[PDB]
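Asks: This structure is in structure tokens; I'll ask about it shortly.
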Amino acid sequence: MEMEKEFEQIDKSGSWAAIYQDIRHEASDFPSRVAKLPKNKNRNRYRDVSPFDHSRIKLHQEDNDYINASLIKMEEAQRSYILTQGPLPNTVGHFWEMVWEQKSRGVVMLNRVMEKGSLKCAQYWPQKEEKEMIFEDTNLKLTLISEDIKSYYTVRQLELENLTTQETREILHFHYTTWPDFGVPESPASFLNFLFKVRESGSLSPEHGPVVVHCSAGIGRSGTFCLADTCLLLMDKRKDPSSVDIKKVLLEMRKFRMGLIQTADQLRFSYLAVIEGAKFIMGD
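This is the structure in structure tokens:
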């Protein structure tokens, strides 16, 4: 069923909450034993959001290899993503260790540091060129190289140095700055423009490690970003684009990280974004 007609049907019958609960009921359940060990309690921002054991990213250190981060591997689309929580004051070093070890080229951030009067993640990158950051626990240095502030997003060039070997890599930071504190955007236009800026950067190409994408918990806004990107790529790749079923793609992604798409409003917005984005993919 063409998702645009599926969309109108759900919209007129006002059944988004019912569709979304069906997804919650059918979603995979896998163990998250490492995330729940007592030693890792202060490495999780939210008690109820954990990576599955089978897909968790492991830090390359014998000490404690745990970070709240998951590898989402989309086989048909040939896209991979790492979805993670916003870093905590005590996990900023782990975050940049993961970027280094997984060979990522881009980081996508979908939240502001403060929302609704509370901190939603640590200030984990430098705000001035001349004030670099050193992470002593993981032996990394991070420098702001350039910053381009736009109306709906900011792009930064960062340099990450492994102080142990003195290799350096350029990391691109894509920061969507205008998602509202409550609810979802009224139009998907600025979110789609942002998605295509990330694509155009080369950060998603298979020559690099997986892009790292985060919000506060790493499941809601972050889920919307990867769901829209994967659905649009499949519509480009297949004989028959109308065969792409957004609910089936979402359940496949939920095999790799729990709770992706947190509300029925986020589900509806994901449909809207894919429908409007198709009117570029399909040669409109």
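If you read the sequence shown in the deposited numbering, its first letter stands for residue 1, the second for the next number, and so on.
Don't be surprised by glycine CBs; every beta carbon is placed ideally from N, CA and C.
Count the other CB atoms, across all protein chains shown, that sit within 10 Å of the CB of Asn-44; report buried if there are 16 or more and exposed otherwise.
Replies: As a working mapping, residue 44 is identified with position 44 in the sequence shown. Flag for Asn-44 reads buried.
Asks: With H, G and I counted as helix, E and B as strand and the rest as coil, what does DSSP make of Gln-166?
Replies: The residue you call residue 166 lines up with position 166 of the sequence shown. Here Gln-166 sits in coil by DSSP.
Asks: Rounded to a whole number of angstroms, what is the C-alpha to C-alpha distance between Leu-59 and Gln-123?
Replies: Position 59 of the sequence shown, counted from the start, is the residue given in the question as residue 59. Position 123 of the sequence shown, counted from the start, is the residue given in the question as residue 123. C-alpha separation (whole angstroms): 21 Å.
Asks: At a Cβ threshold of 7 Å, is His-175 touching chain C?
Replies: The structure shown contains no chain C, having only a single protein chain.
Asks: What's the C-alpha gap between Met-114 and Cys-121?
Replies: Position 114 of the sequence shown, counted from the first residue, corresponds to residue 114. Position 121 of the sequence shown, counted from the first residue, corresponds to residue 121. Their Cα atoms are separated by approximately 8 Å.
Asks: Under 7 Å between the Cβ atoms of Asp-181 and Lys-116?
Replies: Within the sequence shown, residue 181 is the residue found at index 181, counting from 1. Within the sequence shown, residue 116 is the residue found at index 116, counting from 1. Result yes, Cβ atoms of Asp-181 and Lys-116 sit closer than 7 Å.
Asks: Short of 6 Å in beta carbon distance, which residues of its chain neighbour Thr-143, apart from the five on each side in sequence? Order them along the chain.
Replies: If you number the sequence shown from 1, residue 143 lands on position 143. Hits under 6 Å: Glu-132 and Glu-159.
Asks: Taking the beta carbon of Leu-227 as the centre, do at least 16 other beta carbons fall within 10 Å, making it buried, or is it exposed?
Replies: In the sequence shown, residue 227 corresponds to position 227, counting from 1. Classification for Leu-227: buried.
Asks: Just to confirm the assignment, what range does the alpha helix (DSSP H) spanning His-94 have?
Replies: Here residue 94 refers to the residue found at position 94 of the sequence shown. Run containing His-94: 92 to 102, per the alpha helix (DSSP H) assignment.
Asks: For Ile-72, which residues does DSSP report across the bridge?
Replies: Walking along the sequence shown from the start, residue 72 turns up at place 72. Bridge partners of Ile-72: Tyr-81.
Asks: Determine the extent of the beta strand (DSSP E) in which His-25 is found, giving its start and end residues.
Replies: Walking along the sequence shown from the start, residue 25 turns up at place 25. Taken as a continuous stretch (DSSP letters only), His-25 belongs to no beta strand (DSSP E), being part of the alpha helix (DSSP H) at 16 to 26.
Asks: Assuming the contact rule is C-beta atoms closer than 8 Å, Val-249 and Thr-230 should be a hit. Round their C-beta distance to whole Å, please.
Replies: For this step, residue 249 is matched to residue 249 along the sequence shown. For this step, residue 230 is matched to residue 230 along the sequence shown. That pair is a contact at about 6 Å.
Asks: Given this structure, state the Cα-to-Cα distance separating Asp-65 from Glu-101, to the nearest angstrom.
Replies: Locating residue 65 in the sequence shown gives position 65, where the first residue counts as 1. Locating residue 101 in the sequence shown gives position 101, where the first residue counts as 1. Roughly 12 Å separates the two Cα atoms.
Asks: So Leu-272 and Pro-188 are supposed to be a Cβ contact under 8 Å. How far apart are they, rounded?
Replies: Residue mapping note: residue 272 aligns to position 272 of the sequence shown, counting from 1. Residue mapping note: residue 188 aligns to position 188 of the sequence shown, counting from 1. Between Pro-188 and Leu-272 the Cβ distance is about 5 Å, and since that is below 8 Å, they are a contact.
Asks: Note down, in chain order, each residue of its chain lying with its Cβ closer than 6 Å to the Cβ of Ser-80, except the 5 sequence neighbours on either side.
Replies: On the sequence shown, residue 80 is found 80 positions in, with the first residue counted as 1. The answer, listed in chain order, is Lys-73 and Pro-210.
Asks: State whether the region 188 to 201 contacts the region 15 to 35, with contact taken as three or more CB pairs (one from each stretch) at a distance under 8 Å.
Replies: Touching, no.
Asks: Starting from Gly-106, follow its DSSP beta bridges and name the residues at the other end.
Replies: Here residue 106 is taken as the residue at index 106 of the sequence shown, counted from 1. Answer is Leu-172.
Asks: Does the region 215 to 225 come close enough to the region 82 to 89 to have 3 or more Cβ pairs within less than 8 Å?
Replies: yes
Asks: Along the alpha helix (DSSP H) that carries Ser-190, what are the first and last residues, could you check?
Replies: Against the sequence shown, residue 190 aligns to sequence position 190. Looking at the DSSP string, the run of the alpha helix (DSSP H) that includes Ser-190 is 189 to 200.
Asks: Rounded to whole angstroms, what's the CA-CA distance from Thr-168 to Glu-62? Just pull it up for me.
Replies: By 1-based counting over the sequence shown, the position of residue 168 is 168. By 1-based counting over the sequence shown, the position of residue 62 is 62. If I take the Cα positions, the gap works out to 24 Å.
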